[PDB]
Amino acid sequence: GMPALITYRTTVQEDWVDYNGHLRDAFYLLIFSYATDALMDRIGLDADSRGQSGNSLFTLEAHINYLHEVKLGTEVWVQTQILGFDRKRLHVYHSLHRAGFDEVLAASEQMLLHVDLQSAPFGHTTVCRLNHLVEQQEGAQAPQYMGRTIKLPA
């Protein structure tokens, strides 16, 4: 039973935390952005041009749920699932994790556009690598924080 896809690991640094030592909201999203870039390295998307490493993707839209504070020095990693894709868009879900705590710290659903240099289609090879990764998701935990909308409690 194969482990989840981990795309990115880092240690929370002092320039990402507030006075009280908690990871600022935007820097959870930064860690996920770096994860998106690493996912593009893995599938070699536009690897030989300035579009490499996520540079050819424009994030259209993202939701993020923050379930837990993350303190200075915490070692964290990102898990990433591909929810869907079409000729030029990728639908992805990142979750943030740490050792010894078995629920997500944060999760984000995102839609990304492949852009020319104005959008550009995914080539046959990219599609094949995306399908390969997707096939390897049969064991993954289903994405919880999907289709989310904000409201004050009644």
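Position 1 is the first residue in the sequence shown; the rest follow in order.
> How many residues that are in the deposited sequence but not in the model lie between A99 and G100: none, 1 to 3, 4 to 9, or 10 or more?
Count of unmodelled residues in between: none.
> Comparing average C-alpha B factors as deposited, tell me which of 49-57 and 118-126 sits higher.
According to the entry, 118-126 carries the higher average C-alpha B-factor.
> Tell me which stretch has the larger mean Cα B-factor in this entry, 135-143 or 17-25.
135-143 has the higher mean C-alpha B-factor.
> Test of reading the entry: by CA B factor among the chain's modelled residues, which third contains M40?
Its C-alpha B-factor, which the entry lists for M40, ranks in the middle third among residues of this chain.
> Would you please rank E109 by its C-alpha temperature factor against the other modelled residues of its chain and give the third it falls in: lowest, middle or highest?
According to the entry, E109 has a C-alpha B-factor in the chain's lowest third.
> Pull the Cα B-factor of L5 out of the PDB entry and bin it into the chain's lowest, middle or highest third.
Tercile = lowest for this residue's CA B-factor.
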